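# Results of the structural survey
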Amino acid sequence: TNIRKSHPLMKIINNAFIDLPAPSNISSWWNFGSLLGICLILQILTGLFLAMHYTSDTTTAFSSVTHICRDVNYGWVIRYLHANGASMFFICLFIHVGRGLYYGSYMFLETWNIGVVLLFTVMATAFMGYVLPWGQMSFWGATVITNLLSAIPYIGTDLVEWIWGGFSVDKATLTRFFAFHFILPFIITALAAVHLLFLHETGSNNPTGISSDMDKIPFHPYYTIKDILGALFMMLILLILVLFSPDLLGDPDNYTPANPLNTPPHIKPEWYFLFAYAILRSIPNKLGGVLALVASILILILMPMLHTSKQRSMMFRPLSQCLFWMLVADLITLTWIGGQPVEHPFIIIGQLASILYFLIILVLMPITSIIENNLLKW
Amino acid sequence: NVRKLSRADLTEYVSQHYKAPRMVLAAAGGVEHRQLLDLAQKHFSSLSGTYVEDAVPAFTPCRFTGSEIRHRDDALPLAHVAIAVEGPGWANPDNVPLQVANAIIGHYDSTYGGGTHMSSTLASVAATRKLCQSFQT
Amino acid sequence: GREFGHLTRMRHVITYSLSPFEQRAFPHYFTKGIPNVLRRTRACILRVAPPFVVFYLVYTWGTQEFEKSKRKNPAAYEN
Amino acid sequence: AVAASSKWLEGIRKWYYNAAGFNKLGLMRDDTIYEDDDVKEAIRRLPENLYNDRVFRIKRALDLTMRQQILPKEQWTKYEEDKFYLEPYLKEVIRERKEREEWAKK
Ligand code: HEM
Ligand code: HEM
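Residues numbered from 1 in each chain as written, not as in the entry; some residues may be left out. Chains lettered and ligands numbered in written order. Part of a larger assembly, values for the part shown. Heavy atoms only, no water.

cryo-EM is the method the PDB entry states for this structure, with the resolution given as 2.88 Å.

With that settled, the discussion passes to the overall build of chain B. Helix and strand content of chain B: four helices and three strands. Taken from N to C terminus, the helices and strands of chain B fall in the order α-α-β-α-β-α-β. Taking 137 residues into account, the globule formula puts the C-alpha radius of gyration at 14 Å, and chain B, at 25 Å, lies well above it. Projected onto the principal axes, the alpha-carbon positions of chain B cover approximately 65 × 45 × 30 Å. Pairs at least 24 apart in sequence give 43% of the contacts found in chain B among residues at least 6 apart. Accessible surface for chain B amounts to roughly 13,000 Å². Of this, 57% is attributable to carbon and sulfur atoms. Each charge sign in chain B was given a centre, from 12 positive and 12 negative side chains, and these centres are 5 Å apart. (Helix = DSSP H or I, 4+ residues; strand = E, 2+ residues; numbered from the N terminus. Rg over C-alpha atoms; globule rule 2.2 N^0.38 Å. Contact = heavy atoms within 4.5 Å. Areas by Shrake-Rupley, 256 points an atom, 1.4 Å probe, with all protein chains shown as cover. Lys, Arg positive; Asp, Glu negative; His and termini not counted. Charge placed at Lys NZ, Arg CZ, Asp CG, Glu CD.)

Quick look at the site of ligand 1 now. All names here are of chain A. Close to ligand 1 lie 15 residues, the nearest being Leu50, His82, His181, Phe182 and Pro185. Note that a nitrogen atom of ligand 1 is positioned 2.6 Å from one of the side-chain N or O atoms of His181. Of all the secondary-structure elements, those providing two or more residues to the shell around ligand 1 are α2 (32-51), α4 (75-84) and α9 (171-195). Of the residues in the shell around ligand 1, the class split is ten nonpolar, four polar and one charged. (Near = heavy atom within 4 Å. Polar contact = N/O pair within 3.5 Å; in protein donor to acceptor, adjacent residues only side chain to side chain. Nonpolar A, V, L, I, M, F, W, Y, C, P; charged D, E, K, R; others polar.)

To continue, consider the site of ligand 2. Residue and element names in this part refer to chain A. Every residue lining ligand 2 is accounted for by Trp30, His96, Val97, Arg99, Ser105, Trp112, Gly115, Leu118, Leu119, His195, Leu199 and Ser204. Between ligand 2 and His96 there is a distance of 2.7 Å, counted from a nitrogen atom to a side-chain nitrogen or oxygen. At 3.0 Å from an oxygen atom of ligand 2 is found a side-chain nitrogen or oxygen belonging to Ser105. Among the elements of the structure, α5 (89-98) and α6 (109-128) are those that each provide at least two residues to the shell around ligand 2. Per-element accounting of the shell around ligand 2 gives the leading share, four residues, to α6. Across the shell around ligand 2, the residue classes break down as six nonpolar, five polar and one charged.

The next point concerns a negative patch on the surface. Residues and elements named next belong to chain B. Taken together, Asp9, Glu12, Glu53 and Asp54 make up a surface patch of like negative charges. Considering the arrangement of structural elements, one finds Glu12 in helix α1 (residues 7-17). A residue is classified by how much of its surface remains accessible, and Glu12, at 44% relative accessible area, is partly exposed. (Patch = residues over 30% accessible without salt bridge, like charges linked within 9 Å, V, L, I, M, F, W, Y side chains within 5 Å. Salt bridge = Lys/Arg side-chain N within 4 Å of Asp/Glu carboxyl O. Buried < 20%, exposed > 50% of the residue type's maximum accessible area, 1.4 Å probe, protein only.)

Attention now moves to the arrangement of the chains. Among five pairs of chains with at least one contact, chains A and D form the most extensive contact set. The two units chain B and chain D remain apart, with a minimum C-alpha distance of 11 Å.

Residues and elements named next belong to chain A. Turning to α5, its buried residues are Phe89, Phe90 and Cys92. Across the axial projection of α5, the buried residues extend over an arc of 145°, all falling on one side. Buried residues in α5 make contact with α2 and α6. (Arc of directions from axis to C-beta.)

All names here are of chain B. In the segment running from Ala20 into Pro21, the intervening peptide bond is cis, with an omega of -5°. Within the element layout of this structure, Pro21 appears in the loop between α1 and α2 (33-44). Even without being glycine, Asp73 reaches a positive phi, approximately 45°. Along the chain, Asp73 turns up in the loop between β1 (68-71) and α3 (95-105). By relative accessible area, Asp73 is classed as partly exposed at 23%.

When only protein atoms are considered, the iron atom of ligand 1 has one donor, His181 of chain A (NE2), at a distance of 2.3 Å. Position of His181 of chain A among the secondary structure elements: in helix α9. (Donors = N, O, S within 2.8 Å, 3.2 Å for Na, K, Ca; no water.)

Once that is clear, we can look at the coordination of the iron atom of ligand 2. Residue and element names in this part refer to chain A. Coordination of the iron atom of ligand 2 by the protein involves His96 (NE2) and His195 (NE2), with metal-donor separations of 2.6 Å. The site at the iron atom of ligand 2 holds six donor atoms, and with the angles between them running 73 to 175°, its shape is irregular. One end of the pair, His96, is in helix α5; the other, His195, is in helix α9, with 99 residues separating them in the sequence. The exposure class of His96 is partly exposed, given its relative accessible area of 32%. With relative accessibility at 22%, the residue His195 sits in the partly exposed group. (Tetrahedral: all angles 85-135°; square planar, octahedral: opposite > 155°, others 65-115°.)

Attention now goes to the pattern of salt bridges. Taken as a whole and judged by the stated rule, the model has 13 salt bridges over all chains. Between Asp213 of chain A and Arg2 of chain C there is a salt bridge, with the nearest N and O atoms lying 4.0 Å from each other. One end of the pair, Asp213 of chain A, is in the loop between α9 and α10 (221-231); the other, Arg2 of chain C, is in the segment before β1 (14-17), on a second chain. Owing to a relative accessible area of 30%, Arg2 of chain C belongs among the partly exposed residues under this scheme. Where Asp38 of chain D meets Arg97 of chain D, a salt bridge forms, and the shortest distance between an N and an O atom there is 2.4 Å. One end of the pair, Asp38 of chain D, is in the loop between α1 (6-19) and α2 (51-63); the other, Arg97 of chain D, is in helix α4 (residues 93-105), with 59 residues separating them in the sequence.

Turning to the packing of aromatic side chains, a few remarks are in order. As enumerated under the stated definition, the model contains 28 aromatic pairs over all chains in all. Each ring, one from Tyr357 of chain A and one from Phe358 of chain A, has its centre 5.1 Å from the other, and the planes form 75°; the classification is edge-to-face. In this structure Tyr357 of chain A comes out as buried when scored by relative accessible area, which is 15%. Of the residues examined, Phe358 of chain A reaches a relative accessible area of 25% and is grouped as partly exposed. Here the aromatic rings of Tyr17 of chain D and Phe22 of chain D are separated by 5.2 Å at their centres, their planes lie at 90°, and the arrangement is edge-to-face. Above the ring of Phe84 of chain D, the side-chain terminus of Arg29 of chain D is found at 3.9 Å from the ring centroid. (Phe/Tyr/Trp six-rings, centres within 6.5 Å; stacked < 30°, edge-to-face > 60°. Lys NZ or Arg CZ within 6 Å of the ring centre and 35° of its normal.)

Taken together, the contact between chain A and chain D spans 19 residues of the former and 19 residues of the latter. Across the chain A/chain D interface, buried area totals approximately 2,200 Å², and carbon plus sulfur atoms make up 68% of it. Our enumeration of links across chain A and chain D arrives at zero salt bridges. Where chain A packs against chain D, one counts three residue pairs in polar contact. For the side of chain A that touches chain D, the class distribution of residues is eight nonpolar, five polar and six charged. (Buried area = accessible area lost by both parts, 1.4 Å probe.)

Below is the structure:
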C-alpha cells in the first residue's frame, strides 16, 4: 500500500516536513531561520579540521595557525571560512529576533523561552574561543573580562583562579578554554532540536495576525523550493566577502605573537559585542556594572506579559510603528559609540542610549498601546 | 433566459432546424418495407427540400483545457469527484481498444455479492478497507 | 492530530483555476513592477526614514567637533 | 471632559481610521481582534448567517496580500456603516468569569 504512511521512519518525516498545513502569505522574513541551520552544519564541519592541527601549547599555539595558513593544501581557504562564517551566523540572529517583536511572535511562551537560553550559549562560545588564537587581543581581553567576575564580594577570589590554573594565562588555561569550545557546541544542537517540538501543535503564523485554518496549503512543493532558492543565494555573498576582501571584518592585531611585554593601545573586540560592552564601561561601580550587563538578555523574558493591545502585529497599528524604528537606531548609535576612545561627548551620548534602550520598552511601549486602544474602541 | 424567450424566437427555431435531410424515419418489429415507404410518401412529401436561408454552420474542432472547479458546502454527508482527459471522436478507429482497456478497471458498489475478492485490483482493495460507496468509468 | 481532514468549517464558497502548462509566466512584468513600488514606497518612506534621520546629525556633530579639538588644539593652547 | 472642543476630537477619530489600513483590504473592525480564550467562546455563539460572512471576508482579504494589490477605491468599507456585531456577545463571557472568581475568593 502507501509506504509513505506505514513505515516507522517515514511517518516522522512526512508529518514533519513534507505534509504539514502551512499558511499562504508568509513573508520572506519567515525565510531566515532555515539559513541559520545551514550555518550550524558548516561551523561544526569546518571547525574540526582546525582542532586536528592546533596545539594547546602556550608557547606553541600562535605558530600553529601561522603554519596552517601557509603549510597545507587549501588551509588558507578553510581558516577564513571559519573566521567569516560566524560574522554572519551573528547577522542572522538579529533579524530572526527583531521580527518576533513585529509579528507578535512571543505569545508562544514555550517557543520563546527555549530561545533566550540558546542566545546566551551561542554568544558565549565565540568569546570563549576567540581568545585561543593566542594573540595580544586574545590575552588582553581575557584578562579584562576575567577581572570583572572577580569583583563579587565573596564569590570573586576563588572562581577566578580555577579557570586560570594558577595566577595568569599559562599551559593550565589555554587547555581548558580549548576544553570549552568542543562541548558548548554539541550541547547547543540538542536545544535546537527541542525548539521545534513546541512548534508542531500550534502551526506557523502569518503577517496579518489572524488565525487562518481556512486556507492552509502544503509545505512540499512550495516551501521546499522557495527555501532552496534563497539558500543558494547566501553562498553568493558569503563567498564574495571571503574570496575578494577577507581582511575587511577583522583587526590587524592578532598577528604579533602573544607577549606580556607589550600591551595593545586601542583594545576593542569585534563589532558584534561592542553593544553589550558599551553599557558596561558606561557606568562606574564595578559590582553594579556587571549586573547591568546581564539585565539585557533577561530584559527579554519580561516582555510577553507587558503586552497591552487588543490586536496582533504592527501592520494595523500605525502609531506604534514609530517606536520600533527608534529602537534599532538606538542600537546603531550604541554600536558606533563603543569601538572608539573616550572623549567629551562620547560619555554623555552613549549614556542616553543606555537610559533609552530601557525607557522605550519598559515605560513607553506598554503606555502608548492604550492611547490607540481608546481610538478603535478595542 | 427561460423567462423572456417568446413566440417569435420559437417559431423561427422550428422553421430553421426542423427540416430534411436532417431527419430519419425509423421503424422496427413486424413492419413491411414497401408499405412503410408507400405510407411515407403520402404524409411526408409535402415538405421543403431546398435549404431555407442557406444557414450552413461550419464545424469548429473542440478546444480542451486543463482547469479545476471546487465547491465547498460543508454540511452534506458525502463527497463527489470526477476526473477526465481528452479522447477520440465518433468515427475514429481507436475506440475499440479503449473499450477493451476501460473494461479492465471495472466498477463496484457496496451492495455487490462477492466483493473482496473479485478480479479488479481496485475493487478488491476498496471492498476490504472500506473506502468507497461506489465508482465507475 | 491536526492534519488536512479536521479544521475550520466553511460553506457556500467556490474557486476556479487553470494549469501551468496552458499559461505564460510573465504577464507584463516590466509594465506592472514599477507602479507598485511607486505607490508603496511613498507610504513607508516616511515611516522608516525620520527615526533614522536623527543619527546623521549627532554623528556628524560629534565627529567634526572632536576633529576640531584634536587637529586644532594649538588654537586654544595659548602662549 | 470637554464638549465643544470634542468636535475637534471626533476629527482625529476619522484620521486614525484612515491611517490603519484594515478598511483598504475590505475588512470591518471586529475582524482584527486577537483570539485568546475569552474570544474563542463568544465566536461559537454567533448565528449562522453572521458566522459565514466573517469567513468569506477573511479568506478574500488574506489572498490579496500574497498577491500584493489592494481593492478598488469605491470598494473600501465606508467609515460610518461599519458594524460592531460582536461587542454584545463578548461583554457577557467576561462578565460571567469575574463571577466564578469572587465566588472562589470570598
Ligand atoms: C557555534 C559553533 C562555533 C562557533 C560560533 C565558533 C567560533 C569560533 C571562532 C570565532 C573562532 C576564532 C578563529 C579565529 O579567529 O581564527 C574559533 C576557533 C576555533 N574553534 Fe570554533 N566555533 C564553534 C564551534 C567549534 C567546534 C564545534 C569546534 C570543535 C569541535 C571548534 C574548534 C575550534 C578551534 C580548534 C579553534 C582554533 C583554530 C583557529 O583559531 O584557527 N569550534 N571558533
Ligand atoms: C541557534 C539559534 C536558533 C535557531 C537555530 C533557531 C531556529 C528557528 C527555526 C528553524 C524556527 C522555525 C522556522 C521559522 O519560523 O522560520 C524558529 C522560530 C522561532 N524562533 Fe528560533 N532559532 C534560534 C534562536 C532563537 C532566539 C535567540 C530566539 C529569541 C527569542 C528565537 C525565537 C523564535 C521564535 C519566536 C520563533 C517563532 C517563529 C514564528 O513566528 O513562527 N529563536 N527558530
